[PDB]
Structure formats: C-alpha cells, structure tokens
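Residue numbers (UniProt numbering), protein chains in the order written: chain A, 19 to 232; chain B, 25 to 139; chain C, 159 to 250; chain D, 86 to 134; chain E, 36 to 209.
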Amino acid sequence: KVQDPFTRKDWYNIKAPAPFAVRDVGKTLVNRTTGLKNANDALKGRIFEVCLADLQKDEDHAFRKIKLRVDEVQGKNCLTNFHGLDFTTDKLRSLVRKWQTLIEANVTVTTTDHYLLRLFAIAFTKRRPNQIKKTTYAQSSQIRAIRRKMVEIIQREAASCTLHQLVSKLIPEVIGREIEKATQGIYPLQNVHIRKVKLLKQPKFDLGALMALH
Amino acid sequence: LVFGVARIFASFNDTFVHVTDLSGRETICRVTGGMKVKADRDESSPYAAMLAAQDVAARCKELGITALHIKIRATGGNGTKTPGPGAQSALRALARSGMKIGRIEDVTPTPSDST
Amino acid sequence: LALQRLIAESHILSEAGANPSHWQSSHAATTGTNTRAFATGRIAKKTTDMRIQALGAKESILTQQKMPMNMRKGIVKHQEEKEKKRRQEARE
Amino acid sequence: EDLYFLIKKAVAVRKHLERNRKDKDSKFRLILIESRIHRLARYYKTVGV
Amino acid sequence: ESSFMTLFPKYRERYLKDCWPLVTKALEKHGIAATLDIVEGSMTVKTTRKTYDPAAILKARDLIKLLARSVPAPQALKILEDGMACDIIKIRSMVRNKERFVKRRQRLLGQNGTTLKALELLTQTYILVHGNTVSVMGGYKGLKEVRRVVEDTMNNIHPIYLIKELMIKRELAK
RNA sequence: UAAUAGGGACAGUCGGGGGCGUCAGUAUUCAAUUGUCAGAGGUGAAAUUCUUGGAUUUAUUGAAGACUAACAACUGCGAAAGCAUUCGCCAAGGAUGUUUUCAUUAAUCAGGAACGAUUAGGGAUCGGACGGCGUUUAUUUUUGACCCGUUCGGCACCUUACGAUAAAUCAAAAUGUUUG
C-alpha cells in the first residue's frame, strides 16, 4: 500500500508551564483527529521525556531527564506538567568511584492526593579531608543505619508539600541537601542524588488541578 | 527553531536511523542499512551510514525539521555497548548536512542482571 | 610447528610494526629501525636465532658477551627497574 | 552452671530445626553442640554426677 | 557547552596529571575542551561551537572512559581514528568459580603475554586485561573475533586451539 | 597454683555465614496497542529463517524465567562446595573486654558419621578495647567520619631463612648431613 502520511498528520504544539522557565518545549507532529479513532489515546496518553537544562535555562543541568504525560489539549496547543523523572545514565556511570560505598534505596511513597510515587535514590561515600587512606569504606550496619536515616528523612519530609511544592523541592535539590546535612552525623555521604521518581497511573484526567498547575 | 529526535541503532552488521518527535511516538522517516548500498556483505559500513544519513536528513529537511536530538545505541542486550561503523558516520553526515544540534546524549540499555 | 613460531616469536614480530592498533608496535613501525631499507631480514635474523634456541641452543649470536661491568650493571639494573615499575603499575 | 546453657543452646537449636529441618549447616551446628553434649556429659558424668 | 564527565581514581591521578596536555592537545586539535578536576579528581570533556566533527565527542566520551579504565594515554588517544573502537568484555559472572576463573583468565594471558600478543597479531587489535574486565580496541571484525576468543576461552577451550583456528582462518581468507 | 591451654555468663559489636518470607532493579523471551513500511539478519565466503496480515525498529503497558551488572577490593564471613538489592523474623558463630565461674575438663587420631619455638621486622588490611601536645558534625554535650599511638586476632605481600631438604614446596617440607 501507498499510505503516504503528509496530509492526515498535523503539527501539534506542546508547551511549558511557569516553573519550567522556557516558553515552548515541543512542536509535535502526530496525527489529525477525526472520527473512526478520535485522538485522545493517540493524544494525551503519550509521555514526553526531555532534559531540564533548557527547561530551567541553566545548561549545567544537562543530566536529570523528565518524563511528561500529555494532559491538556486545545486545537493547536498543549500544556504539559510534571509526571516522571529519571537520572541520566552516563552520569550514574560517572559517579561510581572505586574504594568507597554506593548506597541504594527504593522508597515507596504516596502523596495526600494519593499519588503513588516511588523515590529511587543513590548516595555516595565522601573521602574526608586530611585522609591518607586509599579507602573510605562503611560497615554494613553503618550502611543499614544510613538507609533508615535515608527513608527516615524522605518519610519525614515526604507525605506533604504537593506536586507544585514537591517538584519545586525536587529540581533545586533540597532533598539532596537535607539528606546530606541530616545524614552526615553518622557518615559523610556526599553526591546524594535521587535517581528515579515513579508515577505509574495518574488516577484522574481532571482539568482543575492541571490549570491549578498552569 | 524546530527540534526533533534522530535515533541510531547500529550493530556490527546493520545501522538504523529513526527520526521520531520529541516524545517518541510518530515515525517521521526510517531507512534501514540495506536500503542503501545493497551489497550483501557490509551493510553496517560508514558509506551506508552516509547514504542513510544524507537520505533521512535531506528528506526530513524537505519535510522541514531544522533540528534533531540524536540518541545512539547498539545491540546492548548481550552484545557490546559500542556501536558499529554506522553511528560515527551517521552523526557525521547528519551533522555536516545543514542542520544544527545543541546537546548530544546517547542512551544504551544496560542489563543489570543478565548472566 | 609454525604456531610455536607464532606464539614464541610474537614479541618480535609484534615488536616490528605488525599491530597498528598497539601503541608500542605502531610506534615501532615509524621508530626508524624499521623504516631503514633493510628490516625484515634483521628480524629474520632474530627469528632464525630464536628457532635455533628452540632447536637446542643455550647462547645467541645477538648478545654482546663482554662489557665493562658498569655498562652491564647499568643495563641489567635498568631492565629490573623497568619491570619493577611495570609490576608496581600492575596494581591498577 | 555451664551445662544448663549447653542444653538451653542445644535444645534451642533443636527447636530451630524442628521449625525448618532443611537448614543443614545449622544442623552441623547441632551436631557440634551434640558432640559437646557427649563430651561434657561424659567427663562431668565421670566426675561423679 | 556539551559536557561529559567520567571519574578516575587516586592512583591514576599522577599518570593523568602528566599525560594530560598530550590528551588535551590531541583534543584541542578537535576543539573539544577538557579539564581535570584536581580536588574532586574527575575528567571533564566538553564541546564548544567549534567542533567540525560532532562525532568527536562520542570519541571523547569513549576516550576518557578508556582513561578511567587504566589504558596508557597513547593507546587511549588512538581512539581518534576512524576504525578504532573501544570495547570491554565482562567475564567475572561469565564463569562461576573463583580460582578456576583465575586459571582461565591467566590461561587467556599466557606465558609472558605470548598467547595474548599472538591473538593481537592474528586479530590486528589491542587487548588489555584490567581486573575483572577485558578492554579491547580496534576494528570491528577484530572486536567480534576477540569477543569470540574471550567467550570460548572462558568456556574451557585452550587459546592454543583458538590460535590454531584463527591462523587457519587467516590462511582461509584467500 | 588460677594455667601466657578450658566451655560458658555478661556487655557494645561484627560478617556480600545459614534458613523462612517480603521488597525492588534491569535486561531476555511472549502478548496487545499504536507510529509503521522493504528489507531484518546469521556469519570467513553463504544458505535455512521472519517478512504488504509488517518481520527489524520507535514508544507505552502487562505476565513469566533468570540474576543482583557498575561499588567488588593484594579485603570481610563461613571448615567445605561456597557468600552479593532493601527490610523483617529465626537461631547459631567469630572477635574484643569484664571486677565471671564445675576446675582438668586437655592434645592427636583406628571403628564410624554429615554435607559436595622464633624467624623480623617494615609498610599497608580490617574486627574490637584504651588514650588525644587536632579538625568537622555542633545552635554546644553527646556521638560518628578523618589523623595518631598502644593493643590483640586473623586473611596475604616482601626480603632474610632461624633453617631446611626429595626437588619443582616454603616464613613452613624449619626440626631426614653431630637425628631422641
């Protein structure tokens, strides 16, 4: 068959909110809506992963990709809010240094809007100043103690401050610094990063909270 | 400044260039490595990446794309995590043909468990 | 036979130029002692000497037998210092 | 004395294996402590008790 | 300012510290600026606008990966040709016994590296054994055949039989 | 005599030691939904093979098998084959220290059984205990990471052997050339 899709496919718009400092993020060419398979599943159900360096305009943030569930469609418009986040693969390669400890935790959280969000997190042992030893190893009960201080601090500053305040706490890494200065009483633990945040199903479609984000 | 996503999946025998939108749903133009030179031997060659690279890039500029974000991978399941001779010449010819790219980053599927 | 010559003669045939990937060998391809107009027979001398050493020889023609002892201790000291530096750089 | 902590430890390991009889290295800890039961039961029986 | 980074250890610090201007000379010829972070101790490469070849930053990420993996800096800077490509082969989970696996990795190395360099002269590639990994640089056919070699070596076939097979292959290339 | 030989009690611990269960993680295969739309591929040359119902590929889910990559060590645990996500439970076990006790219980192995006396010190390795002519936690007391000394206990390197001797084996094959 000669299918050739030039006329039936259109150039939608995908746009950026107020906390994402750029104006536009995408101009996305998918398919024209019409009867016999209307476009709401070929629309909104798509997710949309881009870097944050152009979004908050600081190009030092070339890591930390985000997924974005499409949620608001007008004709020749879209406006996309925060759904997913994952750390960048070669930088989670670039933080693995031999002779100290990598720390993993897979925390399951839900927000008071019953938002099922996991927080996959990885921290790294700091080699102290004035240290001539080639190692900085931990003691595995010290690692366990680190990790219930980890889920202690993420449970202490989780279960509140909903997604405007939550991703407004995620992107300028307040979680990392509160893990750092909270957990350095036991063990120094620099390079605290938040590898993945997992939403699976946003339970609603509703436009009031979406325009409350916009 | 319209941007897209140009993707490369280049084994030791074949090269894939696959342009999709900024989410990854809508296939704009894909050309396999054998739709090029059509010798039955060296389908991963940098000349095949030259033909597929100039073909997909110059075609999509007639579709007016004006920028691309390239992801690069080989058969990272149980083979190598390094592409064949198609990714260097595909990024070379897509690069030197007209268009403009900002950041470059590649994603390769690490098995954290396999054997 | 010829494979014993391959694995045995590999540091010399590889020391000449025959691996353009390897840095010592493709440095040695344009070092100067193989860009002189007569090199494959120099290395053929060394490999036929290695063959006779396989055929039951204790001494080579290739070695200088008599040295003024401070040249000699400097050379053997230098080989031992190189290999000691290599084995202390094999803890990487 | 010592013998009561020996039989507390030993019957405790026996109760552990009676909760799972497929832990064969802890079964080796059982045959170690049973060998100590044969040992100190033998010697401290030959003391006169 | 497209920046990649990878991380080196404190023993590698010195050799990078005075091999580094040969590296950043060899990449300032490609315009890719690069620095060593001395206090943290990391390797930063980044492109400005002046890269004629945007494939060279793939070459630079693969490069400083090969500098963190303890390869000599000329051998690392031979990634900047066309046919030369990095690879590693992981084998520590490929074979499940400890001391038998040491017997297999030094069966791969051999008597003073003679079987290793016979493999390198059959396959035109460079092979380095680093800890529990096997780095290998070169052309893609050589990378494939060397991966065949390391797999068949770890699954108990001797590299005298493998060098028999590869030399008979090179004689059957005509 | 409390033995510079016992087993245990107590304390802060320690171990990628074992058992039960849970918890994730990726990739592999399978199925569905699209965007698809002429090759994908398997290699030394080449073919079987999938392929106008779309195979390879892109994205998004679900189910199952595997294992716990990268930290992973000139280390740590366990006698062995072995031991790698988080968390809980179950018992053991090691090491240190004590102001703890029946006080010879000790040492080596036929019969049998389960699992598959110093070298001579130095520099590093942790697992404790004690001390600090020091930073940082810390809004300052705890406390912990770094640095130092003592100290034990082990896993290995190096030289000299304290010597050997059957040599290829050595801080043990030192005690088979003035043998007890």
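From the three backbone atoms N, C-alpha and C, an ideal C-beta is built for every residue, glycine too.
If you count every other CB in all the chains shown that lies within 10 Å of the CB of residue i, and 16 or more means buried, which is it?
i                : result
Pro226 (chain C) : exposed
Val181 (chain E) : buried
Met78 (chain E)  : buried
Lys60 (chain B)  : buried
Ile203 (chain E) : exposed
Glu155 (chain E) : buried
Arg64 (chain A)  : buried
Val48 (chain A)  : buried
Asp117 (chain E) : exposed
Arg244 (chain C) : exposed
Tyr87 (chain E)  : exposed
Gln110 (chain E) : buried
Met229 (chain A) : exposed
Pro194 (chain E) : buried
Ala174 (chain C) : buried
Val169 (chain E) : buried
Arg174 (chain A) : exposed
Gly177 (chain E) : buried
For residue i, which residues in chain A fall below 9 Å Cβ to Cβ?
i               : result
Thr86 (chain E) : Residues of chain A passing the Cβ test: none, with the nearest at roughly 16 Å.
Since residue i meets chain E, which of its residues come closer than 8 Å, beta carbon to beta carbon?
i                : result
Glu217 (chain C) : Residues of chain E passing the Cβ test: none, with the nearest at roughly 20 Å.
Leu159 (chain C) : Under the 8 Å cutoff, chain E gives no residues; its nearest Cβ is about 11 Å from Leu159 (chain C).
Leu113 (chain A) : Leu42
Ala80 (chain A)  : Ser37, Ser38
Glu77 (chain A)  : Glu36
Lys152 (chain A) : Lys45, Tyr46
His180 (chain C) : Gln110, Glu155, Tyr161
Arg31 (chain B)  : None at all; the shortest Cβ gap to chain E is about 14 Å.
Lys116 (chain A) : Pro44
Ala119 (chain B) : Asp88, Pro89, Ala90
Check the Cβ of residue i against every Cβ in chain C and list those closer than 7 Å, keeping chain order.
i                : result
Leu156 (chain E) : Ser168, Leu171, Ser172, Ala176, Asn177
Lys152 (chain E) : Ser168, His169, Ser172
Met202 (chain E) : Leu161, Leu164
Rounded to whole angstroms, how far is the Cβ of residue i from the Cβ of residue j, which I believe are closer than 8 Å?
i                : j                : result
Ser121 (chain B) : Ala82 (chain B)  : 6 Å
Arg127 (chain B) : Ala71 (chain A)  : 7 Å
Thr98 (chain A)  : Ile32 (chain A)  : 6 Å
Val58 (chain E)  : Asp122 (chain E) : That pair is no contact at about 20 Å.
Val125 (chain A) : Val88 (chain A)  : The Cβ separation is near 27 Å, so there is no contact.
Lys62 (chain A)  : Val91 (chain A)  : 6 Å
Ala36 (chain A)  : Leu73 (chain A)  : Actually they are not in contact, since the Cβ atoms of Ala36 (chain A) and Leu73 (chain A) sit about 11 Å apart, beyond 8 Å.
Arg142 (chain E) : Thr70 (chain E)  : The pair is not a contact, with the Cβ atoms about 41 Å apart (cut-off 8 Å).
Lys83 (chain A)  : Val68 (chain A)  : 7 Å
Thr139 (chain B) : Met129 (chain E) : 6 Å
In chain C, which residues lie with their C-beta within 8 Å of the C-beta of residue i?
i               : result
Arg47 (chain E) : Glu250
Could you tell me which chain B residues have their CB closer than 9 Å to the CB of residue i, listed as they occur along the chain?
i                : result
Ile65 (chain A)  : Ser47, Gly48
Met129 (chain E) : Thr139
Find the residues of chain C that neighbour residue i, judging by a C-beta separation of less than 9 Å, and give them in chain order.
i                : result
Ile198 (chain E) : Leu161, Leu164, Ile165
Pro56 (chain E)  : Under the 9 Å cutoff, chain C gives no residues; its nearest Cβ is about 18 Å from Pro56 (chain E).
Please compile the residues from chain B whose C-beta is within a distance smaller than 8 Å of the C-beta of residue i.
i               : result
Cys69 (chain A) : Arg127, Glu129
What in chain E is Cβ-close to residue i, meaning under 7 Å?
i                : result
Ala81 (chain B)  : Going along chain E, no residue has its Cβ under 7 Å from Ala81 (chain B), so there is no contact; the nearest lies around 13 Å.
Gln112 (chain B) : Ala90, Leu93
Residues of chain B with a CB under 7 Å from the CB of residue i: which are they?
i                : result
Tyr175 (chain E) : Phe36, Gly108, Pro109
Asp122 (chain E) : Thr104, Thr106
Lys45 (chain A)  : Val26
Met78 (chain E)  : Chain B residues near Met78 (chain E): none, gap ~17 Å exceeds 7 Å.
- request: Taking only runs that begin and end inside the segment 147-194 of chain A, name each unbroken alpha helix (DSSP H) of 4 or more residues, in chain order.
  value: 159-174, 181-188
query: Does the segment 26-40 of chain B come within contact of the segment 103-113 of chain B, defined as at least 3 CB pairs closer than 8 Å?
result: In short, these stretches touch, since the Cβ pair count reaches three.
task: For the segment 51-67 of chain E and the segment 84-93 of chain B, state whether three or more C-beta atom pairs, one from each stretch, are separated by less than 8 Å.
output: Contact between the segment 51-67 of chain E and the segment 84-93 of chain B is absent: fewer than 3 CB-CB pairs across the two stretches fall below 8 Å.
- prompt: Fully enclosed by the segment 101-133 of chain B, which beta strand (DSSP E) runs are 3 residues long or longer?
  reply: none
Segments of 4+ residues assigned as alpha helix (DSSP H) that fall wholly inside the segment 80-156 of chain A: 107-112
query: Would the segment 78-87 of chain E and the segment 129-139 of chain B be scored as touching if the rule is three or more Cβ pairs under 8 Å?
result: Because the criterion of three Cβ pairs below 8 Å is not met, the segment 78-87 of chain E and the segment 129-139 of chain B do not touch.
- prompt: Which full runs of the alpha helix (DSSP H) of 4+ residues lie inside the segment 54-128 of chain E, going along the chain?
  reply: 55-63, 91-103, 108-111
field: the segment 201-210 of chain A / the segment 155-173 of chain A touching (three or more Cβ pairs under 8 Å)
entry: Judged by Cβ distances under 8 Å, the segment 201-210 of chain A makes contact with the segment 155-173 of chain A, as three or more pairs qualify.
message: Check whether the segment 87-102 of chain D and the segment 226-242 of chain C are in contact - that is, three or more C-beta pairs closer than 8 Å.
response: Contact check between the segment 87-102 of chain D and the segment 226-242 of chain C: fewer than three CB pairs, one atom from each, fall below 8 Å, which does not count as touching.
query: Which ranges would you report for the beta strand (DSSP E) in the segment 30-101 of chain B if only whole runs of at least 3 residues count?
result: Segments of the beta strand (DSSP E) lying fully in the segment 30-101 of chain B: 39-44, 53-55, 93-97.
query: Below 8 Å, can you find three or more Cβ-Cβ pairs linking the segment 144-160 of chain E to the segment 175-186 of chain C?
result: yes
message: Below 8 Å, how does it come out for the segment 210-221 of chain C and the segment 230-240 of chain C: are there three or more Cβ pairs, yes or no?
response: no
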